Every structure is written in structure tokens, then in C-alpha cells.
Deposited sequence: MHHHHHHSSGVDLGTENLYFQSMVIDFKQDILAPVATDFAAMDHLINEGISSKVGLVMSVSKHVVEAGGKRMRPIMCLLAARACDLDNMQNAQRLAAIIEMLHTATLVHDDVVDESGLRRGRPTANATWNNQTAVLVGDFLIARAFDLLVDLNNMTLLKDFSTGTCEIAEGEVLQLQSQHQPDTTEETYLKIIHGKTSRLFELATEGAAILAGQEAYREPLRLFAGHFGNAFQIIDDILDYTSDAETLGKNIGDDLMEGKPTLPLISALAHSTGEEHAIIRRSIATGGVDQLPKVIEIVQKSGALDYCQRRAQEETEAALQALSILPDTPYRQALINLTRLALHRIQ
């Protein structure tokens, strides 16, 4: 039932530009996904109108809800008997992602509404987790949420720090982006009691998540920044590390190096066009591109341990569709 997974082999049959999200990724777990939605409405809305609206509005903003869909896919790939528990776990994953977005939307509705809605969602997610009655799952989630918060704080500490290393960037993005993908996929394996699939699914999702954040960062130094709901140079303004900037420093000397460095330290608008030009022409973006492809390769390799099912194929198709953004 199991077999090797190769990016080059996928490309032989199936160009990534051909991959459709509804038919090639969602379709296997479609009914399950639709059943997840019914559970969420019960999960949040009837008591407080302000939350279901915001959580609806937030969900309305931006991307397809891949995180819960991945959870549902790993559960089927694990032959989970009680998929209702997968649907509940998918909802937890989604409420947690939504909480994080609403909380990242707070700036220095409104901030108080956003803070309170995020807290409410964290509370319901954790109450739903407790209802699943699995202490292994609870401990994974509790340690994991600490790692997510630690990642987010590490990023805040690394703001306007030109000396930030690639090691540190990978540490940050694993915390702030990758760990939630791991909870989604490995938590599915934990639910199914498929302990042999836990580490493969974790490694898959972590590498997936790593490539996902590298591409996001790349896109903020290109004309497709709007796709992320951002303007070009936004990350620069905030002084967040980002691999394009770290790599730009690695691919620059003399005055160009000094400009990028000062720009990170100060975060002034004056040299912003110059900095974007250096990042684009230094080769830094190509370096980030290669790193994202390498992570995508590591993701698919970890997946190849699982049996060849439509559910595995869907996860593979998602990884390639994500990579195709660049």
C-alpha cells in the first residue's frame, strides 16, 4: 500500500499550475469539512454574536482554510474510525488559527473586540480539546501552544535586529507557523492511535509550514504582496527578520550591506525602495526560493512513509500547490 514520493515524479504527470484546490485537495475530505462547519457554529456563535461575526469576517478575509483540511486529510490517511473526533479536532485547529489572526490584527471593530474575541476562541478550543478526553493530545497541544507563543515572542525580541541569524529565523517560524500544522496532522495520528505515523506526519507538516512561511516572506518583496493582504516593504517597516532580508545581508557587501543593516535597525521609509531593489537583485529571493523547495522536498519525503491513498495524494498536491505560489 505504501510507496516513494518524489517531486520530480509528480511533475512528470502533473504540472503544479494544473492543481485545483477544490478538486485535488479538499474533495477527499469534503463531506467531513462540511460537517466540521456545523460543529463550529455550535462551537461558538449562538451565545455571543460578536464572535461568530468576527470569526466569520476574519475567515472571510484571506486564504482557504488549509489547516483544518490538512487535519481531516491526515485523519483519513490514518484510517481514523471516529471521524467526528477528526472534525472536532479540525475545528480546534481552526479556532486557534483564527484566534492568532485576530490577535495579530491588534495595533499600537477594534483592539478590545479583537483581544476578547481571540481569548474566547482560545477558551472554546481548549474546552473542545478537553472533551476529546485524550491526555496525550492535550499535552501535545499544551506544549505546542507554548511553543507558538514562544515563537511569537522571539520574533518580537528579534525586531530591528540586523544580527539575527538564519538559525534564529527558522526557530521563529517553526514556532509561529509550523507548530500549528504539526498539531493538526500529528494530532490526527494521536486520535487514530497510529503512533508510527506521528513522527512522519509531524515532520511533514513542519517542513510544509517552514516552506509556507518562507514563501509568504518572499511575496512581501514582490508585486504579489497584495495576495497576502499586504503592501510591498511592510515587513521591513515593522523590522521583522524575514529570510529575504537576512539572505540579502549574506548576499551583499560594502554600502549595499550597510543600507540593509541600517534599514532593519531604524525602519525608516527613506531607503525602502533601495532596500527592496537590493533584495530583488542580490539573489536573496532566489536563495529563499531554493530553501522553500528544499523544505517542500523534506515534507514529501516524510509523507512517503504513509500508505498511498487519495488522502496522501491530497496532502502531496497541497504541498506542491503551496510551493507554486512562487
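J.: Point out each run of deposited residues with no C-alpha coordinates, keeping the order of the sequence.
T.: Residues lacking C-alpha coordinates: 1-6, 115-128, 347.
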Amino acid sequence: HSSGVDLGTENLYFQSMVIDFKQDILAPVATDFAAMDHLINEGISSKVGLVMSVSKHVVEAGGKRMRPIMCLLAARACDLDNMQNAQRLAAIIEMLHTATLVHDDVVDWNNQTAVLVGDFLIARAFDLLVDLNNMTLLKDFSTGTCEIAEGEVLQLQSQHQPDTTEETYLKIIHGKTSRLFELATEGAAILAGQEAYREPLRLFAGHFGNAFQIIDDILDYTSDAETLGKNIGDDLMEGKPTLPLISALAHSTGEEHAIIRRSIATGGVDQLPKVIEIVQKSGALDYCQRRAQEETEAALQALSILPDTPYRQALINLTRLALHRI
From here on, numbers count along this sequence of modelled residues.
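J.: According to the deposited model, is the average Cα temperature factor higher in 205-213 or in 128-136?
T.: Taking the mean B-factor of the alpha carbons in each, 128-136 is higher.
J.: Taking the mean of the C-alpha B-factors per stretch from the entry, tell me the winner out of 116-124 and 182-190.
T.: The stretch with the larger average C-alpha B-factor is 116-124.
J.: Between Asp224, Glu167, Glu195, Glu147, where does the Cα B-factor run highest in the record?
T.: Of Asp224, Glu167, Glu195, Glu147, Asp224 has the highest C-alpha B-factor.
J.: Checking the record values for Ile172, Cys71, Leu236, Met95, which has the greatest CA B factor?
T.: Highest C-alpha B-factor among the listed options: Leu236.
J.: Quick one: classify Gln313 as lowest, middle or highest third of the chain based on its Cα B-factor.
T.: Lowest third of the chain for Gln313's C-alpha B-factor.
J.: With respect to C-alpha B-factor, does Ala322 fall in the lowest, middle or highest third of the chain as deposited?
T.: Lowest third.
J.: Just say lowest, middle or highest third for the CA B-factor of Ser53 relative to the other modelled residues in its chain.
T.: As the PDB entry reports it, the C-alpha B-factor of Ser53 lands in the highest third of its chain.
J.: Ranked by Cα temperature factor within the chain, is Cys288 in the lowest third, the middle third or the highest third?
T.: It falls in the bottom third of the chain.
J.: Using the temperature factors of the C-alpha atoms in this entry, rank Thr266 within its chain: lowest, middle or highest third.
T.: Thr266: CA B-factor falls in the highest third of its chain.
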